[PDB]
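Take a look at this single chain in structure tokens; it is the form deposited without the ligand.
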């Protein structure tokens, strides 16, 4: 089980104070619960409950996330991460933290973004809008990574966009974690369609590059107009779906390199697949969204080997964004 480390922001946490990354010893400075009045109910995440509210102190819109009682440790991990990234580029900003009378658990109050569902939205994005918004997501990722943080749940649903004002906000940091070289993480993060091969092959020593694969998954669906791009029926089939595209040769090279051994079941369903060129995923209805630079960029994001993927910053240096203004 060969070890690996991140090629960037490798030890950013190791040098910082302990109070920076040790969320277990963090003390929550609570605010006044009476300043917020809930209006309807937006989400029901099975890990939290999301409401649209109003800060009656200034009559302004806010989003309250009342967390379900699953582990004080996952809740203060999120709170510390949100406070560390407070003010970062396109990072959702935590405005307050109060105690909910009814649930008795913490309630996080955030600013307010007016996102219209991504299933009706990013199939209405022009080639230009895709590059634009992708560049905005990349700002968010580089910032949290430069801060020693992995989002680990990058997908269209955790990306709030205000198309009119062309604003973007990476949200839901409940799965976020701090990066420590050599640290082994739980492979049960992300959503099936956006899970990297490392997660699917059971390789626990991953890093920032995990978010990059998921970013590659989102791009692929936007430019090829195939949502989701890798459509697995379950986690095992998810890997086979990816192998039908990237091929099995590169998969073995990847697992061999790290001396990872697939579990037996992954060996009577995988098969033999050559890597296919992505012009095969190009047709009449998505043509206008594909260009040589888009394909080159996508190619560097979607690599089995997590060490070979473009870093968030390198990604922002790619020709693909030369067209995006300032």
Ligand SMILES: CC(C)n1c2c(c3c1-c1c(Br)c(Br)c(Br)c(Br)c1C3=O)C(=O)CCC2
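Numbering follows the first chain given and starts at 1.
This protein has a second form, the form solved in complex with the ligand, left out of what is shown; the following refers to that one.
Enquirer: Test of understanding: in the deposited complex, would residue 50 fall inside 4.5 Å of the ligand by heavy atoms?
Expert: Yes - in the deposited complex, heavy atoms of residue 50 and the ligand come within 4.5 Å of each other.
Enquirer: Please run the contact check for residue 245 against the ligand in the deposited complex: heavy atoms, 4.5 angstroms, yes or no?
Expert: Flag for residue 245 set to no.
Enquirer: Since only the chain is shown here, I'm wondering whether residue 45 would be in contact with the ligand in the deposited complex (any heavy atom pair within 4.5 Å).
Expert: Yes.
Enquirer: Would residue 282 show up as a contact with the ligand in the deposited complex if we use heavy atoms at 4.5 Å?
Expert: No.
Enquirer: Which among 297 to 305, 253 to 261, 283 to 291, 37 to 45 is in contact with the ligand in the deposited complex, heavy atoms within 4.5 angstroms?
Expert: Going by heavy atoms within 4.5 Å, the stretch is 37 to 45.
Enquirer: Decide yes or no: are 65, 160 and 171 jointly within 4.5 Å of the ligand in the deposited complex, with each residue judged by its heavy atoms?
Expert: Yes, all three are in contact.
Enquirer: Could you spot which one of 178, 110, 143, 224 gets a heavy atom to within 4.5 Å of the ligand in the deposited complex?
Expert: Here the answer is residue option 110.
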